[PDB]
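Just the one chain here, laid out as structure tokens, in the form deposited in one PDB entry.
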């Protein structure tokens, strides 16, 4: 038989290992020749594997690179202007790669050029609450200062935005061993920790879903008319550079001014973590000077798009996508995911060669320039938005398959919760001690739901990866799954060698997944989801699961507002409409589920599959969220303080945030009521798409 078990059994750990090795021998930085060569290889192999069509889709987008003959670095200067300490110009390369060419040195992509010199202020993780603490409580003014912030907790672009709004003239990001050095494990190459010379690369854009900064709304094709740089979307206005903890220690050890306000501001280095501004008495006249000379350049990128045409509903698309570009070798990010995608295509192709086709069309994508702001996936979605919004069933992302070896981690729309629970109950756990138990059992034991008991945690989607345009802009049901660590406070910080030259094939093969069994489990989860989505007669979405979460999110946002009872009385702020809509959604979803279970009629089926497919679409508001026109989903958006985190009822959440500090409370509460109306209306409208059609 050609069924899901056939598909799953064809997947092999050994093939994933071979592909990972093949994908990680040289750097594949977006916009480079090496990455174009890999694109061509994948295109050729996907054709050999059996896909119906495999094309490259190219775009010309804004990228950012250091200047090869004018290196970025930071100094401490003395009052004579002698640079008495300089940060490193490169990460010491790992063993056996000290002769690889074209390793990009650590830099913050899209930083402007500048040579700002000033006094340092230390701002902890540079989160919104860290800046509130500095400015409001400690009365420290960051205006005209250079801020130094540790990586972790929130997306680095949010740190930079926060530092800009505080009036900083530059930002230095560093990896503290508190966040990137697990106790008791050795530094690379002898273990999986970050060495003192290691540095995390990464972009510092605040695009809010726009894609290429020069062409918001439209694909960056050959005739595109581009914004000038001064009008580009999301570029930072102050220079930014990342460093390792050996270098950070040199900059932090001389810091004076105020003590850290409490222990949550102290990392693990042997320094006081004084917030500053500036250095202690003896060194009071020394300054810090940045030298950033990176350039932004429009550069061609290439997505590989493979199609496996559906036998019955070829005009319904299930998309499996993940990126191919890496900062350096991409041992985990992204090639651990791309190797999984490659073995999934191979397996589907093996069934295709035996005469099988999926019910619906499956599209496979190898995206480019994810690391520079989701540019490849977003431009392709802009180009194909009409096809996607009328035909897109689901998108499953496939970046890093592993960031640890402890248990599964899943983020997806509520419409896929039942699917994930059901699939993981049929898969074998790879974990030690759970031999012969299901993955559902191990995952549920290790990652219990905070609400539900006997169920696993599944989190909300925000941004940070290539599903963003499909879910937040277009309203296509989306999901993602990987193996992760047991390190809860670090869930947005990255694994220690994240975006460093040390993330290599050897890292994975030696320290993460020697038997490629966690990779295989992730291939079964991702590929199993795609199989069911593309093959199930009735789409495997359960609208009742959305009804349950909408009530939870309504309770949560009401509870936030209720911290302000006097204002709710004064301005007549009622959540009654939103609860009414949620109640209606629950009732209508229950009735739809009954019809779906109780309806030979392919029109009724597809009419009801269209109702299922367009349900996520119904949560899109074509006017977008306030000042974020490309985040259009009313139930979820990437958090305004941390793009990696999803926020629920984001329009109301943002209207309430720090509301006690707004100068015109009537106006501020008016905008809360407006967002409650938009949210109640959208919930009711989505519910009504599940009513009988006529």
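If you superpose the two forms and keep the largest set of C-alpha atoms that fall within 1.5 Å, you have the rigid core. Residues that one form lacks are left out of the comparison. Numbering follows the first chain given and starts at 1.
Just so it is clear, the following notes concern the form deposited in another entry, a form of the same protein that is not shown.
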item	value
Out of 492, 592, 283, 356, the residue that alone shifts its CA by 2 Å or more between this form and the one not shown when the rigid core is the reference	492
Pairwise C-alpha change, residue 337 versus residue 491, in the other form against this form - closer or farther, 3 angstroms or more	farther
Distance trend in the other form - C-alpha atoms of residue 654 and residue 491, change of 3 Å or more	farther
Taking the rigid core as reference, consecutive runs of 3 or more residues that move 2 angstroms or more in Cα between this form and the one not shown	487-494
